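Just one chain is shown here, as structure tokens, and it is the form deposited without adenosine monophosphate.
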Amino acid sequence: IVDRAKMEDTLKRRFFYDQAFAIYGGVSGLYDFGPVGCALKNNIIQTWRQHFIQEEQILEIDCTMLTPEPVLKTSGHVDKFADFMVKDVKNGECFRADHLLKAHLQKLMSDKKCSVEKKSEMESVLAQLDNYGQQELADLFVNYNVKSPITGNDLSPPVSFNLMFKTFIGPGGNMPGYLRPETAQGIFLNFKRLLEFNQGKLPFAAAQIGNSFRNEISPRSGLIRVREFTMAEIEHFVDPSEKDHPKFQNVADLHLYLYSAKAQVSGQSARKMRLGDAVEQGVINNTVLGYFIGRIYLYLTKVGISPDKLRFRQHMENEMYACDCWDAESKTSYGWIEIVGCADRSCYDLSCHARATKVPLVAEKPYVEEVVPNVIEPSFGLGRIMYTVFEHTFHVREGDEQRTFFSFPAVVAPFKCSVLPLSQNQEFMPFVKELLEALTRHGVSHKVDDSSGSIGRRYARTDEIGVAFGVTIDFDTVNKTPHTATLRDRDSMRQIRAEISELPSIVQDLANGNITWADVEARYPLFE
């Protein structure tokens, strides 16, 4: 129930992110990220690296965004990576067909002149939107007499509009290509090299952190629907026989909201289950998929997503070379949105590329068995994760001035510690310099505050961009022995007074969750 307008104002004003090409009129679906935005984005990525790449010793690779057409024919993107599009017969404006129909039916279903059996007829139509093919969607548009929501004109019949950006590699026009819509295909194309790199042994995982592109018809959902975006994708290859994850018991005790395909079909709510129980009961198929669900859960929660607004939804059969797929979804002002996909596949692109190229993309276990690995595919939409953190950590202070802050965890806060000295004279610099060097030595990021106004107004700006902690250096710090300084907690605004030399280690422990603010207060004198 966040105030999106107010949050959006702060995000725009402090330049977390803003519309690309604003001065040229902007382009929808495209956003530039400013200094604090990049800081946060970079912390999210760094946290991801430690949590997955380093923790599982994943094989990292960096493939190109430019992709020649045949690669993407084989993966079936050329033929199937499209949204049905309908356009106005007169002026020619384009509309995403599925959404336009859904709006039209919801409109009619709200009418009082509309009958009960008619509404239940349209409710069932909504329950199949994604299944309908071209013809039957074309018929739905005629039957319900759908028009342009802007002008009211007749609409053209639905047509498949491929979502990949097209270009040409090299001169002439003989190598058509695309900007990649995902990074998984690069990992597949490199399967041999990666398997060799792993001494031919299985299991192993590979990852990419990079940009992919999706030429959306009409993005109007802020950061949620963009045409260019950074992904972090993992492809975990596993022998279908040895499909049990050794580290599963590290996450078996986690309690998280699971939303089964059955629960959705039967129409009951999501269940908070013990990860271990879910696997024993058959709800999660296996412990490899299970392990990653829990690891995804820990990552999202570590980076600022609220557990009470986080759930894992299994795909229905109708969504569909099928898969057992679970999406991490967060509760936002746009509703529940997927922020991390996690698919379990047996037959997939690796086999298509194999016969497409006549190059065997298989594993060999000695006795010499051909092993076509299964994959668990954790796919992280970094932009959406960040946007969710914004909505889940944005708060408004209790005051007339309506000051705001983000309760960003210390590991993602643009920086962990603001250092505000009351003066910058020669008497103060030895203390600031020392504090900065100590914070660096303790791996605590920081920035000297040189803004205007009272200490409280200065910290208010700091709070507005979500900086975790603050150290005030005043005249008593510089002039009284021993030299002590105020440590201020962002969330509570409560303050403490410790020796300037002790604070670096105190902030570090707070930032790393070794110590609570309460702990600090129990050990150090309170200060106002």
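Residue indices: 1-based, along the sequence shown.
Although it is not shown, the form solved in complex with adenosine monophosphate is what the next lines describe.
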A363, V375, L223, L350 - the one with a heavy atom within 4.5 Å of adenosine monophosphate in the deposited bound form: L223
Selected contact from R214, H446, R311, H245, since only one has a non-hydrogen atom within 4.5 angstroms of adenosine monophosphate in the deposited bound form: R214
Residue contact check: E434 to adenosine monophosphate in the deposited bound form, 4.5 Å heavy atom: no
Any non-hydrogen atom of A438 within 4.5 angstroms of adenosine monophosphate in the deposited bound form: no
Close approach of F229 to adenosine monophosphate in the deposited bound form, 4.5 Å, heavy atom: yes
In the deposited bound form, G177 touching adenosine monophosphate (heavy atom, 4.5 Å): no
Which of 381-389, 198-206, 290-298, 352-360 lines the interface with adenosine monophosphate in the deposited bound form (heavy atom within 4.5 Å): 381-389
Those residues of 329-363 which, in the deposited bound form, come within 4.5 Å of adenosine monophosphate by heavy atom: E338, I339, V340, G341
